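A.B. asks: The structure is given below, and queries will be raised subsequently.
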Amino acid sequence: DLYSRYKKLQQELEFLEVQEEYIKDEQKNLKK
Amino acid sequence: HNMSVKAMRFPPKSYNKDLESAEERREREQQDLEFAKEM
Amino acid sequence: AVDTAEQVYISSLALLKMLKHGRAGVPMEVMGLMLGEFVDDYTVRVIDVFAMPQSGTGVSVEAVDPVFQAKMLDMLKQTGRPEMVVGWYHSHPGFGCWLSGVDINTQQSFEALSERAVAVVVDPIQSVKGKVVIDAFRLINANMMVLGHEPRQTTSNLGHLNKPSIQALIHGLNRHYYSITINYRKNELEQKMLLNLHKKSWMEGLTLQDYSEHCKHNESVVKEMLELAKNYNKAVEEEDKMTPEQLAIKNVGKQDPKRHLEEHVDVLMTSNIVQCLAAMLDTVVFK
Amino acid sequence: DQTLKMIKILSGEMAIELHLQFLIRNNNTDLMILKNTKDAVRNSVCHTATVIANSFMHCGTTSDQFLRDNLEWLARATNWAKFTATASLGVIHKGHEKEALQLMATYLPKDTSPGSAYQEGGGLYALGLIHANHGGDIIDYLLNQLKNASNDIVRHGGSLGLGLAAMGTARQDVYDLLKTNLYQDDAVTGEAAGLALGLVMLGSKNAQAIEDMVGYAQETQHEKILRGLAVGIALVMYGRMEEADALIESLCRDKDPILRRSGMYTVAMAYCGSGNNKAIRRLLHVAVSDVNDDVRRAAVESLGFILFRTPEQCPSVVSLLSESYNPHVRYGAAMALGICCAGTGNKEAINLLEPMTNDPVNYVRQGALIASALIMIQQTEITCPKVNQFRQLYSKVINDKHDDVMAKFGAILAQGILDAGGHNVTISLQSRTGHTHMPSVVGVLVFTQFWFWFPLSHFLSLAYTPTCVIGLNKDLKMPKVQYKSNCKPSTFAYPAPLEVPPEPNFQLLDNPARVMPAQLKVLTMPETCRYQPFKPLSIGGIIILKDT
Amino acid sequence: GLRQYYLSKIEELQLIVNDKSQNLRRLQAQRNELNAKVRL
Ligand SMILES: [Zn+2]
């Protein structure tokens with residue numbers, strides 16, 4: 001298949017986006 | 001200064017295991033502590 | 001039976017009473033009464049605490065004056081609202097938390113009246129910010145200890161969460177009494193009115209901070225910062241040398257220019273920028 | 001017939017008594033294991049641990065010899081272990097109408113009437129366990145005794161059993177006596193009515209009932225009444241994807257950490273298996289921010305419930321959070337793996353669970369053993385080699401005296417989890433269709449809350465599911481099919497206890513024959529048998545097998 | 001035009017995967033060292 005090769009690969013862009021925001025939160029939370 | 005801070009983020013690696021104290025020495029601390037409270 | 005899941009709710013003011021009266025009379029084991037609001041077999045609440053004056057010279061839990069707890073019990077009765085005597089306390093000064101042989105007898109006199117009186121230990125000396133050491137306890141039956149029957153019938157994963165101190169394990173701890181988990185009753189209304197009311201500078205940053213001596217003090221750091229920078233022209237020159245953990249064990253007698261330097265850089269920085277901007281708002285705001 | 005068809009397909013008792021037939025024909029257990037766990041005779045949790053362990057490994061098999069071995073050590077502990085004892089009988093007699101009243105004829109509350117009102121009190125609990133999702137005489141017989149009884153010493157069993165049997169029905173009259181069970185203002189009826197109050201209203205979003213529940217859970221002084229409703233208002237909404245968000249934000253906004261925790265359960269149940277962004281930002285965000293540890297533990301234990309569709313992603317993100325400063329987030333991290341990847345033998349997840357027992361906190365050492373049990377049920381040494389690496393480990397931690405009771409409680413629990421039903425039952429939050437198994441979902445979410453009620457995680461029998469094909473030609477007649485497989489027969493490995501005081505791949509299998517879901521593809525169809533399947537054999541369960 | 005169109009997206013998304021992955025690997029170790037300082 002080729003049709004899943006783009007949708008399931010932007011799926012991990014949505015999955016990828018949250019994590020830098022997460023370590024962004026823990027970056028201050030481990031300080032305070 | 002700030003570029004010497006942003007470029008200082010390439011050495012941080014291989015910081016794998018942060019052992020708190022131990023496990024078996026904690027168990028022997030519980031045993032000897034239990035003996036000292038037993039006395 | 002109890003379920004080792006008691007979860008004492010207390011207060012916000014009673015802890016302040018405990019540290020004040022337990023602190024001002026520090027070397028003597030001071031005490032007092034706890035006038036709370038009794039609820040069910042599971043939980044118990046104590047909202048108010050009034051202390052008791054001492055008997056004489058001597059560190060002890062002592063006795064009670066039921067004249068004094070009578071009229072003092074009737075004192076707020078005629079003014080505020082009635083409550084119920086739910087417990088009592090004392091104050092180990094520098095000890096930790098347990099029940100002494102003196103403490104367990106006056107505990108035994110107080111559980112006989114109501115079975116859910118509470119022995120409370122405060123220790124306001126081993127506390128710094130996130131510490132209170134309010135490990136409150138209550139007796140367990142030595143009769144059942146002679147029976148060898150294990151008490152308190154754990155039905156909830158709420159009791160064995162905190163780990164006991166070894167000094168209480170030296171004392172009674174689990175042979176005469178039991179531990180109790182607590183929390184703190186907070187609201188919105190008190191949190192703001194302490195938060196906005198603790199350290200508020202009034203008009204201080206709208207000043208100039210000793211306008212002759214701001215720059216003079218700025219000299220008074222830079223002048224020795226020069227020779228400390230000569231130490232920074234001294235300490236670099238023993239690199240490519242013996243194994244810088246040796247440069248860690250070895251610098252324990254004489255100061256390093258590095259940390260001492262970046263101290264003074266920050267001090268001069270925050271010293272200058274604040275006076276710089278605060279000098280300039282007034283030129284616009286004042287005409 | 002076609003008139004009898006709605007009976008044949010809507011009662012569905014030819015999976016109930018036929019998987020019960022599979023349990024009475026298929027039972028692979030041990031007594032020697034419970035003899036090894038017999039050694040810890042003390043008045044700790046150990047009594048309830050063992051008597052919930054044999055109920056965990058004897059689900060629906062009706063085997064009364066592990067209980068009928070004794071009465072003194074069984075009836076040694078009291079006041080809730082007898083409640084748990086009369087609780088545990090229904091999972092053993094699960095899925096069978098007849099042996100519900102007649103074996104509990106000793107345990108009627110008006111025949112013997114002992115000093116233990118829980119031994120005669122928690123019976124209707126177990127009737128609800130047998131006839132969960134079976135609404136009949138259990139409703140009215142477990143309704144009229146609830147009209148007139150004692151206090152919450154039988155009302156726990158009748159209330160939880162009645163909402164359990166009437167789970168997700170909205171019959172509105174069980175909601176009525178759950179209102180008068182609700183407004184008792186009693187801390188001990190809070191557990192009785194708070195959970196069933198959501199159970200009968202599962203997925204119903206009756207906003208006036210929401211208004212009654214969250215309206216009532218704002219002014220009471222006790223917390224168990226604040227806790228049964230905390231899961232109930234999560235349970236009233238189920239898989240809505242947007243329709244709860246005002247309520248999620250409302251519960252999250254309030255200063256009550258129990259209510260914010262309940263908002264985390266509610267956003268956990270409104271996004272089941274759904275990899276949504278709006279859930280994963282703030283659901284994980286709070287897990288940073290909030291100061292109570294309970295809401296953090298549920299906040300990280302929502303991740304497998306919202307992300308069990310793909311188990312490939314939670315070991316990538318929760319491994320990052322197994323090294324938190326607090327053992328609460330370290331604990332709910334391990335249970336987040338344990339609810340995420342439990343359907344598979346994920347080598348990465350076992351790799352993450354390996355150093356989790358090394359932590360100096362007893363309950364995260366415990367939850368490492370729970371997740372270590374859930375990862376590898378019905379998996380024998382060829383899916384992953386850590387099975388026998390851990391069989392010595394649970395025995396290693398249960399045969400020590402100097403370990404914690406709370407630490408080894410995950411081991412004695414993990415035995416009945418690990419050897420459950422004679423290696424015939426398993427967990428499945430997921431059908432082959434792509435649809436989830438919502439009593440397994442509610443059973444595992446309710447299975448999380450063994451904290452504040454120990455037989456609360458006894459509600460797990462809705463998660464135990466078969467892995468077995470069944471051949472059939474008519475409504476009733478068993479065929480005699482003898483098919484085989486093709487691949488490596490070491491996949492067909494057994495527990496095989498050791499009992500200390502030339503390779504056939506043609507596995508001939510009858511109609512009550514277990515088969516691994518990985519082994520669903522490696523089989524061979526019966527090509528020379530008289531019975532030949534009209535259906536392409538892909539799923540287990542019950543299928544047609546045409547006599548040709 | 002499925003060749004010149006649909007395959008023209010896999011060539012682009014991968015570039016975001018490569019460097020945002022690298023930034024993530026930087027930032028999680030960044031947190032790691034501090035987390036070791038907290039536990040220690
Ligand atoms: Zn004292």
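We label chains A, B, ... in the order they appear in the structure tokens, count residues from 1 in each chain, and number ligands from 1 in the order shown.
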Taking the backbone alone, and naming residues the way the document does, which bits of chain B are helix (DSSP H, G or I) by DSSP, as a list in words?
C.D. replies: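 In chain B, DSSP puts these residues in helix (DSSP H, G or I): residues 2, 3, 4, 5, 6, 24, 25, 26, 27, 28, 29, 30, 31, 32, 33, 34, 35, 36, 37 and 38 of chain B.
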A.B. asks: Keeping only N, CA and C atoms, write the selected residues to a file as a PDB file, in the first residue's frame.
C.D. replies:
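The result, written out as out14.pdb:
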ATOM      1  N   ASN B   2      24.989  33.903  24.372  1.00  0.00           N
ATOM      2  CA  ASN B   2      23.841  33.032  24.158  1.00  0.00           C
ATOM      3  C   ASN B   2      24.136  31.972  23.108  1.00  0.00           C
ATOM      4  N   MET B   3      24.955  32.303  22.113  1.00  0.00           N
ATOM      5  CA  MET B   3      25.342  31.294  21.140  1.00  0.00           C
ATOM      6  C   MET B   3      26.349  30.325  21.726  1.00  0.00           C
ATOM      7  N   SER B   4      27.177  30.789  22.656  1.00  0.00           N
ATOM      8  CA  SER B   4      28.005  29.853  23.397  1.00  0.00           C
ATOM      9  C   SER B   4      27.214  29.041  24.415  1.00  0.00           C
ATOM     10  N   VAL B   5      25.956  29.390  24.672  1.00  0.00           N
ATOM     11  CA  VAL B   5      25.057  28.547  25.447  1.00  0.00           C
ATOM     12  C   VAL B   5      24.315  27.553  24.559  1.00  0.00           C
ATOM     13  N   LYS B   6      23.831  28.002  23.400  1.00  0.00           N
ATOM     14  CA  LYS B   6      23.105  27.111  22.501  1.00  0.00           C
ATOM     15  C   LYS B   6      24.034  26.085  21.873  1.00  0.00           C
ATOM     16  N   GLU B  24      20.587  -3.811  47.924  1.00  0.00           N
ATOM     17  CA  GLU B  24      20.984  -4.757  48.958  1.00  0.00           C
ATOM     18  C   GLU B  24      21.522  -4.042  50.191  1.00  0.00           C
ATOM     19  N   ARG B  25      22.213  -2.914  49.997  1.00  0.00           N
ATOM     20  CA  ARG B  25      22.661  -2.127  51.140  1.00  0.00           C
ATOM     21  C   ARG B  25      21.491  -1.440  51.829  1.00  0.00           C
ATOM     22  N   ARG B  26      20.419  -1.158  51.084  1.00  0.00           N
ATOM     23  CA  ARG B  26      19.194  -0.677  51.707  1.00  0.00           C
ATOM     24  C   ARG B  26      18.525  -1.779  52.517  1.00  0.00           C
ATOM     25  N   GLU B  27      18.578  -3.020  52.019  1.00  0.00           N
ATOM     26  CA  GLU B  27      18.004  -4.141  52.758  1.00  0.00           C
ATOM     27  C   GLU B  27      18.800  -4.453  54.021  1.00  0.00           C
ATOM     28  N   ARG B  28      20.130  -4.371  53.949  1.00  0.00           N
ATOM     29  CA  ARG B  28      20.948  -4.561  55.140  1.00  0.00           C
ATOM     30  C   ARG B  28      20.827  -3.380  56.089  1.00  0.00           C
ATOM     31  N   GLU B  29      20.539  -2.190  55.558  1.00  0.00           N
ATOM     32  CA  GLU B  29      20.213  -1.060  56.418  1.00  0.00           C
ATOM     33  C   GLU B  29      18.887  -1.278  57.130  1.00  0.00           C
ATOM     34  N   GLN B  30      17.940  -1.953  56.474  1.00  0.00           N
ATOM     35  CA  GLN B  30      16.690  -2.305  57.136  1.00  0.00           C
ATOM     36  C   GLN B  30      16.893  -3.412  58.162  1.00  0.00           C
ATOM     37  N   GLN B  31      17.840  -4.318  57.912  1.00  0.00           N
ATOM     38  CA  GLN B  31      18.097  -5.401  58.854  1.00  0.00           C
ATOM     39  C   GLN B  31      18.815  -4.891  60.096  1.00  0.00           C
ATOM     40  N   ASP B  32      19.887  -4.118  59.902  1.00  0.00           N
ATOM     41  CA  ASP B  32      20.626  -3.570  61.034  1.00  0.00           C
ATOM     42  C   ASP B  32      19.831  -2.488  61.749  1.00  0.00           C
ATOM     43  N   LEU B  33      19.002  -1.747  61.012  1.00  0.00           N
ATOM     44  CA  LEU B  33      18.099  -0.795  61.646  1.00  0.00           C
ATOM     45  C   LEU B  33      17.036  -1.517  62.462  1.00  0.00           C
ATOM     46  N   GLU B  34      16.564  -2.664  61.964  1.00  0.00           N
ATOM     47  CA  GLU B  34      15.608  -3.468  62.714  1.00  0.00           C
ATOM     48  C   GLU B  34      16.252  -4.102  63.939  1.00  0.00           C
ATOM     49  N   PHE B  35      17.554  -4.381  63.879  1.00  0.00           N
ATOM     50  CA  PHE B  35      18.244  -4.904  65.052  1.00  0.00           C
ATOM     51  C   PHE B  35      18.491  -3.805  66.077  1.00  0.00           C
ATOM     52  N   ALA B  36      18.803  -2.593  65.609  1.00  0.00           N
ATOM     53  CA  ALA B  36      19.036  -1.478  66.522  1.00  0.00           C
ATOM     54  C   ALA B  36      17.746  -1.020  67.185  1.00  0.00           C
ATOM     55  N   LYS B  37      16.626  -1.077  66.464  1.00  0.00           N
ATOM     56  CA  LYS B  37      15.338  -0.845  67.105  1.00  0.00           C
ATOM     57  C   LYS B  37      14.908  -2.042  67.943  1.00  0.00           C
ATOM     58  N   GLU B  38      15.405  -3.238  67.614  1.00  0.00           N
ATOM     59  CA  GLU B  38      15.112  -4.415  68.422  1.00  0.00           C
ATOM     60  C   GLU B  38      15.848  -4.376  69.754  1.00  0.00           C
TER      61      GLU B  38
END
A.B. asks: Ligand 1: which residues are within 9 Å, counting only C-alpha atoms and all ligand atoms, as a count of residues only?
C.D. replies: 18
A.B. asks: What does the structure give for the distance between atom CA of residue 521 of chain D and atom CA of residue 385 of chain D, in Å to one decimal?
C.D. replies: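 We find that atom CA of residue 521 of chain D and atom CA of residue 385 of chain D lie 22.1 Å from each other.
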A.B. asks: Looking at D:306, D:258, D:34, D:498, which one is nearest to residue 238 of chain D, with distances taken over only C-alpha atoms?
C.D. replies: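 Nearest to residue 238 of chain D: D:306.
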A.B. asks: Could you pull the residues within 10 Å of residue 23 of chain A, counting only C-alpha atoms, minus those fewer than 2 positions along the same chain, as a ChimeraX atom specification?
C.D. replies: /A:18-21,25-29 /D:288,320 /E:24,27-31
A.B. asks: Counting only C-alpha atoms, which residues in chain E sit no more than 8 Å from chain B? For each one, give the nearest pair of atoms and the distance in Å, sorted by chain then residue number, as JSON lines.
C.D. replies:
{"residue": "E:26", "atom": "CA", "partner": "B:9", "partner_atom": "CA", "distance": 7.5}
{"residue": "E:29", "atom": "CA", "partner": "B:12", "partner_atom": "CA", "distance": 7.0}
{"residue": "E:30", "atom": "CA", "partner": "B:12", "partner_atom": "CA", "distance": 7.4}
{"residue": "E:32", "atom": "CA", "partner": "B:15", "partner_atom": "CA", "distance": 7.6}
{"residue": "E:33", "atom": "CA", "partner": "B:15", "partner_atom": "CA", "distance": 6.8}
{"residue": "E:36", "atom": "CA", "partner": "B:18", "partner_atom": "CA", "distance": 5.9}
{"residue": "E:39", "atom": "CA", "partner": "B:20", "partner_atom": "CA", "distance": 7.1}
{"residue": "E:40", "atom": "CA", "partner": "B:20", "partner_atom": "CA", "distance": 6.2}
A.B. asks: Using only C-alpha atoms, find the residues of chain D whose closest atom to chain E is at most 10 Å away, then write them as a count of residues only.
C.D. replies: 5
A.B. asks: Write out as a ChimeraX atom specification the residues lying within 12 Å of residue 41 of chain C, counting only C-alpha atoms and excluding same-chain residues fewer than 3 positions away.
C.D. replies: /C:1-8,38,44-45,115-116 /D:186-188,222
A.B. asks: Let me make sure I understand: among D:144, D:361, D:455, D:447, which one has the smallest atom-to-atom distance to chain B if we use only C-alpha atoms?
C.D. replies: D:361
A.B. asks: Report as CSV: every residue of chain D with an atom at most 9 Å from chain B, its closest pair of atoms, and their distance in Å to one decimal, counting only C-alpha atoms, with rows sorted by chain and ascending residue number.
C.D. replies:
residue,atom,partner,partner_atom,distance
D:358,CA,B:23,CA,7.0
D:359,CA,B:23,CA,8.0
D:360,CA,B:23,CA,7.3
D:402,CA,B:31,CA,8.4
A.B. asks: Just write the chosen residues, C-alpha atoms, as an mmCIF file, in the first residue's frame.
C.D. replies:
data_model
loop_
_atom_site.group_PDB
_atom_site.id
_atom_site.type_symbol
_atom_site.label_atom_id
_atom_site.label_comp_id
_atom_site.auth_asym_id
_atom_site.auth_seq_id
_atom_site.Cartn_x
_atom_site.Cartn_y
_atom_site.Cartn_z
ATOM 1 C CA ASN D 358 14.381 -2.111 41.794
ATOM 2 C CA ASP D 359 12.806 1.082 43.129
ATOM 3 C CA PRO D 360 12.914 1.658 46.906
ATOM 4 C CA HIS D 402 11.907 -9.656 55.073
#
A.B. asks: Taking 5 positions as the minimum chain separation for residues in the same chain, which residues sit within 9 Å of segment 1-9 of chain A when counting only C-alpha atoms? Answer as a JSON list (two decimals) with C-alpha atoms, in the first residue's frame.
C.D. replies:
[["chain", "number", "residue", "atom", "x", "y", "z"],
["E", 6, "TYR", "CA", 1.30, 11.83, -3.80],
["E", 7, "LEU", "CA", 4.96, 10.83, -3.56],
["E", 9, "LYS", "CA", 4.69, 14.61, 0.31],
["E", 10, "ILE", "CA", 6.77, 11.75, 1.73],
["E", 13, "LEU", "CA", 7.37, 15.34, 5.87],
["E", 14, "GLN", "CA", 10.52, 13.29, 6.49]]
A.B. asks: Tell me, counting only C-alpha atoms, for each residue of chain C within 10 Å of chain B, which pair of atoms is nearest and how far apart they are in Å to one decimal, in rows ordered by chain and increasing number, as a Markdown table.
C.D. replies:
| residue | atom | partner | partner_atom | distance |
| --- | --- | --- | --- | --- |
| C:166 | CA | B:37 | CA | 7.0 |
| C:167 | CA | B:37 | CA | 7.6 |
| C:168 | CA | B:37 | CA | 8.8 |
| C:169 | CA | B:37 | CA | 5.9 |
| C:170 | CA | B:37 | CA | 4.3 |
| C:171 | CA | B:37 | CA | 7.8 |
A.B. asks: Could those residues be written to a file, using C-alpha atoms, as a PDB file, in the first residue's frame?
C.D. replies:
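Written file, selection_0.pdb:
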ATOM      1  CA  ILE C 166      13.620   4.545  63.045  1.00  0.00           C
ATOM      2  CA  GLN C 167      13.398   6.455  66.343  1.00  0.00           C
ATOM      3  CA  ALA C 168       9.675   5.810  66.605  1.00  0.00           C
ATOM      4  CA  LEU C 169      10.501   2.227  65.707  1.00  0.00           C
ATOM      5  CA  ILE C 170      12.872   2.264  68.694  1.00  0.00           C
ATOM      6  CA  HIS C 171       9.959   3.565  70.739  1.00  0.00           C
TER       7      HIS C 171
END
A.B. asks: Give the residues of chain D that lie within 10 Å of chain A; count only C-alpha atoms, and format the answer as a PyMOL selection string.
C.D. replies: chain D and resi 275-277+280-281+284-289+313+317+320+324-325
A.B. asks: Could the residues in this selection be written to a file with N, CA, C and O atoms, as a short mmCIF file (atom, residue, chain, number, x, y, z; two decimals), in the first residue's frame?
C.D. replies:
data_model
loop_
_atom_site.label_atom_id
_atom_site.label_comp_id
_atom_site.auth_asym_id
_atom_site.auth_seq_id
_atom_site.Cartn_x
_atom_site.Cartn_y
_atom_site.Cartn_z
N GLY D 275 -6.94 8.28 19.85
CA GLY D 275 -5.73 9.08 19.87
C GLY D 275 -5.98 10.52 19.48
O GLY D 275 -5.57 10.96 18.40
N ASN D 276 -6.67 11.26 20.34
CA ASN D 276 -7.06 12.63 20.01
C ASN D 276 -6.09 13.64 20.60
O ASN D 276 -5.48 13.42 21.65
N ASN D 277 -5.96 14.77 19.91
CA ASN D 277 -5.03 15.81 20.34
C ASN D 277 -5.54 16.55 21.56
O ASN D 277 -4.78 16.79 22.50
N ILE D 280 -4.92 14.69 24.57
CA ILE D 280 -3.55 14.38 24.92
C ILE D 280 -2.76 15.63 25.31
O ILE D 280 -1.69 15.51 25.92
N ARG D 281 -3.26 16.83 25.01
CA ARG D 281 -2.57 18.03 25.48
C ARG D 281 -2.78 18.22 26.98
O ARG D 281 -1.83 18.16 27.77
N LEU D 284 -2.37 15.21 29.60
CA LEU D 284 -0.99 14.96 29.97
C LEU D 284 -0.41 16.22 30.60
O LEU D 284 0.54 16.15 31.37
N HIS D 285 -0.98 17.36 30.25
CA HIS D 285 -0.51 18.63 30.79
C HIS D 285 -0.69 18.68 32.30
O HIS D 285 0.24 19.04 33.03
N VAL D 286 -1.88 18.32 32.76
CA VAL D 286 -2.18 18.32 34.19
C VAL D 286 -1.17 17.44 34.90
O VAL D 286 -0.64 17.80 35.95
N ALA D 287 -0.90 16.27 34.32
CA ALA D 287 0.09 15.36 34.86
C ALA D 287 1.42 16.04 35.12
O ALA D 287 2.19 15.56 35.95
N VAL D 288 1.71 17.14 34.43
CA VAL D 288 2.77 18.04 34.86
C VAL D 288 2.32 18.82 36.08
O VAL D 288 2.92 18.74 37.16
N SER D 289 1.22 19.56 35.93
CA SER D 289 1.01 20.74 36.76
C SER D 289 0.51 20.43 38.16
O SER D 289 0.94 21.08 39.12
N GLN D 313 3.10 3.10 21.00
CA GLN D 313 3.47 4.48 21.26
C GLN D 313 3.62 4.80 22.74
O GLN D 313 4.42 5.66 23.10
N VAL D 317 6.73 6.91 25.31
CA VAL D 317 6.52 8.17 26.02
C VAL D 317 6.45 7.97 27.52
O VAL D 317 6.77 8.89 28.29
N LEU D 320 9.85 7.60 29.22
CA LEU D 320 10.37 8.91 29.55
C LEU D 320 9.89 9.38 30.92
O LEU D 320 10.52 10.26 31.51
N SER D 324 10.38 9.68 37.01
CA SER D 324 9.92 10.90 37.65
C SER D 324 10.46 10.99 39.07
O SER D 324 10.95 10.02 39.64
N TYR D 325 10.37 12.20 39.64
CA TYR D 325 10.80 12.39 41.02
C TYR D 325 9.89 11.65 41.99
O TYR D 325 10.36 11.18 43.04
#
A.B. asks: Write out as a Markdown table the residues of chain C that have any atom within 7 Å of an atom of chain D, one row each with the nearest atom pair and its distance in Å to one decimal, counting only C-alpha atoms, sorted by chain and then rising number.
C.D. replies:
| residue | atom | partner | partner_atom | distance |
| --- | --- | --- | --- | --- |
| C:150 | CA | D:43 | CA | 5.6 |
| C:154 | CA | D:45 | CA | 6.9 |
| C:155 | CA | D:454 | CA | 5.8 |
| C:156 | CA | D:452 | CA | 4.6 |
| C:157 | CA | D:451 | CA | 4.4 |
| C:158 | CA | D:452 | CA | 6.8 |
